[PDB]
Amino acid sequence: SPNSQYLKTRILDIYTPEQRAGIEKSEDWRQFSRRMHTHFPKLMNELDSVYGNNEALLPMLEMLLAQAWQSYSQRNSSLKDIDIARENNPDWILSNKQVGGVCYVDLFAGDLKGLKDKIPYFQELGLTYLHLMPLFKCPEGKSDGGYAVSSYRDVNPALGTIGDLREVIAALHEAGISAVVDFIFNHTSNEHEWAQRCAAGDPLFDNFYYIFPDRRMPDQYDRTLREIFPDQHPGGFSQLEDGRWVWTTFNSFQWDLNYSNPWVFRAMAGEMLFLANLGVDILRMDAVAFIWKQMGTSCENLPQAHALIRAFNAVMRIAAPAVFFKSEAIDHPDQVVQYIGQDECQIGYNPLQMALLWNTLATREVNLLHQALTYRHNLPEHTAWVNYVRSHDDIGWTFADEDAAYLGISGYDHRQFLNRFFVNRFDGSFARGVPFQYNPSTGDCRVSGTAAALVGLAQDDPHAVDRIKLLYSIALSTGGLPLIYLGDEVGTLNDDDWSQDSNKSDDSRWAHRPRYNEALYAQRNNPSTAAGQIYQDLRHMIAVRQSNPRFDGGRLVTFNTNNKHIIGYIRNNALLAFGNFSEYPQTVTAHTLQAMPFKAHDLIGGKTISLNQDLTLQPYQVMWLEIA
């Protein structure tokens, strides 16, 4: 294997002697050379572990490093300042100052210019982080909501131009907001030029996808593949018009890229560098689990998938240090956490906490949540969870069966209950969700619907507003970067017309992708409305989180409340949080509170609470007590 010094000398061979002397004395080359020294051994090691003695590895690597240098050279000086800042502040992601939001540009603001016009609202809300849903060109009609990408470079013209996107990112940065976008690197649309040219037999795109002559290998693979959208097709493959079969983990119009071809890694690393130099701060690594395949396995979470992501990480450390990764792994918690590492994905979605928030609202019992917060919350140094309540996707019940079994809970039976409960097929349920991907072969099902729909706001359940507050309080205070599904902060309900659009009617996730509700946002400062009640209470929690250092960092210790309905945990040995998941009043006894200070200020309600007597919480009440 080559060394960084050898490879650097060859990078420079493209220059005339006169040009080269100038480059070698330059600040950019000095920084690039330093980062090569520090980070190239990781890049080489990870790529070696995946591709081994492949003839194409060294030529690909040299091509990639040449691109990395050109990319860093071209990179804007303002971005190079963020590179340095984050290179010397790896824990910026862990600051209590960070609060994120996510929205669709079209649904929330019409187009990119409209989105730029909403930036003052984002500042008003206190956001420091904004994830914009897939922005680039995609098939007309059905595109999995933009996740079938036809071009990584050309903006969806319904949203505007690449110039509009540049103005948005600059305007976000001006407003103190990180720009977060998707890196959809497991698959492209079937209309992507790479896909068309690969299928057409263009030798330049040979082996860019997984294409088979018949069902022989697809049948073998399907013995062990999980079905993500069983409504759409069985197993992991779809048939082309010419009779061949292509790997399609997701929709039939999403073709899995073939990372066993090192030139595919190179191609996507080039796409990553392009996004980096737009000034993107965080790339959401979509479908991380699926980027390596192996017969006889689930073709999820394989060692090479992790190694490739670590290879991508090294490329950013070399050529765009400001760019961090957010892993999307929605799976068993033992597998979710493996993507999170300073050298892999520095942050990642926390589906366990999210799913168990909803679980706890249904059961009223904090057992599973307490277990998760006790044993699966704390992370390695320089990493963080992204804690959330809802997303653009369905809710999957991804708690661990093994964990549940310790508590005497059958995972299978419990999921059957949660699914009935949240689609209003259980006596007395307050939830108004919609099924998503019921799989008759496994009994698995997921849930669609907005936060407000799932807590009972559609039917004006008097507890709905407080339920929303409780859920978000936990995401905001457990430690990690909280992510608001924009629209939730004014109680936005389902798009009840989603099923009438023939492009959407077989995908119930569209139920919880409503447009910006002008009527609700107009009432956000009106305490007489649900919208204003939700907004003011969420905004207050955001303000407290961001201003109070007791929330800093990602670590917590749970507190045994001795009440099966009340969750408790402590931040920085200084903030004691209680959340009541019962619709009835619930007490923490004076006996349970004996070790605490005599009195404590509650940041939620603003009163001084006596801890030497029984503490009774109203239904769904949250308390944030300063105990140091």
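All residue numbers refer to positions in the sequence shown, first residue = 1.
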(request) Pick between 528-536 and 254-262: the one whose mean CA B-factor in the entry is higher. (result) 528-536
(request) Averaging only over Cα atoms, indicate whether 561-569 or 30-38 has the higher B-factor in the PDB entry. (result) 30-38
(message) Out of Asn350, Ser505, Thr383, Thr188, whose C-alpha atom has the biggest B factor in the entry?
(response) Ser505
(message) Quiz for you: based on the deposited Cα B-factor, which of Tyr147, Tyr339, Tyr412, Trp358 is highest?
(response) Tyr412
(request) Determine, from the deposited record, the chain-internal third of the Cα B-factor for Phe551: lowest, middle or highest. (result) lowest
(message) Considering every modelled residue of the chain and its Cα B-factor in the PDB entry, is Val490 in the lowest, middle or highest third?
(response) middle
(request) Compare the C-alpha B factor of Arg216 with those of the other modelled residues in its chain, then answer lowest, middle or highest third. (result) highest
(request) Compare the C-alpha B factor of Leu240 with those of the other modelled residues in its chain, then answer lowest, middle or highest third. (result) highest
(request) Ordered by C-alpha B-factor within the chain, which third holds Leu47? Give me lowest, middle or highest, please. (result) lowest
